[PDB]
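In the authors' numbering, the protein residues as written are 3 to 114, 117 to 122, 125 to 349.
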């Protein structure tokens, strides 16, 4: 048959080029069978005239995709119906729906309880949609299978979330956390923080990272990895948040003269802690001002003597001496709580 790795020798093929380059490498493995290329060069009615399906899932998938990218636009608006006929598994069409993002495909299988079953390949359709960022397909699955949404999310070690994150699909990420907030912290931690590690490679997907860092445990892990993150992500994020706080504080000591300097919820408070930990971890004179300012908040100051590791105590103070961050120490021992537990 034929095999292409040379991109220039791929866009020269009037037919093959119709297939997304990414797919041709991740699904077709740079090679195309003869019983499949046929379905792309001959007319549509001819391709089906011959179209003999396969027994193994991937067989059909690679085929159905060849017909789609070559005829779907050309009156083959009913290729999903004919497919079902000839011999394409009801689930294979559901995969090509989650991959191509074609709703029309799902619309057909949605007019035949045999849908709340086609869970196929451990919710592979749900996972394929997340990796391709097809939010609309993802939702249709949650619409055609309410009592299953939670298994799809946690399917394969929160795969959906992870695949979404490494591809930069922040919109697929948001929704996923809306579908079940009780799994947020989970998905983020899944597989030793898969999401963050892969959204950070290369040029990186800053939309995912910045979002991900709104999770105290996430920022906790990332901020300590100064080499991998920091100059690129953490630092700009901390500088961007320390300044945002100075603009709600001053904008309170304006509207509510001489009152409180607080963070409403527990979550924003924990963030300040690790945000402060990083500033100290960096050990720098120019960062002294942001440290004092963070400790001025009762939602952070009343979190200075604590520690991430249960059973331990003064972490920040320990970290300060550990690095030799004099000035951060003096600033810390100024807190009564931290003044008590002191040796």
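Just so you know, even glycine gets a beta-carbon here, dropped at the ideal spot from N, CA and C.
{"Asked": "Segment contact flag, the region 12–25 with the region 79–86, C-beta cutoff 8 Å, min 3 pairs", "Found": "no"}
{"Asked": "Given residue 40 as reference, the closest of 60, 67, 336 and 313 once Cα atoms are compared", "Found": "67"}
{"Asked": "Separation of residue 210 from residue 232, as counted between CA atoms", "Found": "16 Å"}
{"Asked": "Presumed contact (8 Å Cβ cut-off) between residue 126 and residue 93, rounded CB distance", "Found": "4 Å"}
{"Asked": "Local Cβ density within 10 Å of residue 348, reported as buried at 16 or more and exposed below that", "Found": "exposed"}
{"Asked": "Residue of 85, 20, 52 and 297 minimising C-alpha distance to residue 72", "Found": "20"}
{"Asked": "Beta-carbon proximity of residue 116 to residue 341, cut-off 7 Å", "Found": "Because the chain is numbered from 114 directly to 117, the model contains no atoms for residue 116."}
{"Asked": "Sufficient close CB pairs (3 or more, under 8 Å) joining the region 231–247 to the region 180–190", "Found": "no"}
{"Asked": "Delimiting residues of the alpha helix (DSSP H) encompassing residue 116", "Found": "For the chain, the structure lists 114 followed at once by 117, and that leaves residue 116 out of the model."}
{"Asked": "Whole runs of the alpha helix (DSSP H) within the region 54–81, excluding any shorter than 4 residues", "Found": "59–73"}
{"Asked": "Close Cβ partners of residue 53 (< 7 Å) along its chain, the five nearest in sequence each way excluded", "Found": "41 and 88"}
{"Asked": "According to DSSP, residues forming a beta bridge with residue 34", "Found": "4"}
{"Asked": "Proximity winner among 146, 284 and 270, relative to residue 248 (alpha-carbon distances)", "Found": "284"}
{"Asked": "Reference residue 115; option with closest CA among 305, 307 and 282", "Found": "Missing here is residue 115; the chain as given proceeds from 114 to 117 without the residues in between."}
{"Asked": "For residue 225, the nearest candidate out of 29, 273 and 265 (CA to CA)", "Found": "273"}
{"Asked": "Candidates 56, 192 and 177: closest to residue 162 by CA position", "Found": "192"}
{"Asked": "Beta-bridge pairing of residue 318 - partner residues as DSSP gives them", "Found": "316"}
{"Asked": "DSSP-derived helix/strand/coil call for residue 299", "Found": "helix"}
{"Asked": "Inter-residue Cα distance where the pair is residue 321 and residue 265", "Found": "30 Å"}
{"Asked": "Distance CB(residue 190)-CB(residue 178) smaller than 7 Å", "Found": "no"}
{"Asked": "Buried/exposed call for residue 317, threshold 16 Cβ in 10 Å", "Found": "exposed"}
{"Asked": "Secondary structure, alpha helix (DSSP H): runs of 4+ residues fully inside the region 130–209", "Found": "141–149, 155–159, 161–172, 176–184 and 190–205"}
{"Asked": "Extent of the continuous alpha helix (DSSP H) to which residue 95 belongs", "Found": "92–102"}
{"Asked": "C-alpha gap between residue 91 and residue 33, whole angstroms", "Found": "23 Å"}
{"Asked": "Residue 235, DSSP secondary structure in three states", "Found": "coil"}
{"Asked": "Cutoff 6 Å; reference residue 300; Cβ partners in own chain excluding five residues on either side", "Found": "278, 282 and 306"}
{"Asked": "Proximity to residue 143 [Cα-Cα], best of 175, 122 and 100", "Found": "100"}
{"Asked": "Residue nearest to residue 324 in terms of C-alpha spacing, selected from 297, 287 and 292", "Found": "287"}
{"Asked": "Top-ranked residue by Cα proximity to residue 55, from 147, 38, 181 and 98", "Found": "38"}
{"Asked": "Coarse secondary structure for residue 121, derived from DSSP in three states", "Found": "coil"}
{"Asked": "Cutoff 8 Å; reference residue 267; Cβ partners in own chain excluding five residues on either side", "Found": "255, 258, 259, 302, 303 and 304"}
{"Asked": "Proximity of residue 96 and residue 131 at Cβ, strictly below 7 Å", "Found": "yes"}
{"Asked": "Local Cβ density within 10 Å of residue 16, reported as buried at 16 or more and exposed below that", "Found": "exposed"}
{"Asked": "Given residue 291 as reference, the closest of 335, 275 and 270 once Cα atoms are compared", "Found": "335"}
{"Asked": "Close beta carbons around residue 62, own chain, < 7 Å, minus the five adjacent residues each side", "Found": "55, 56, 90, 91 and 94"}
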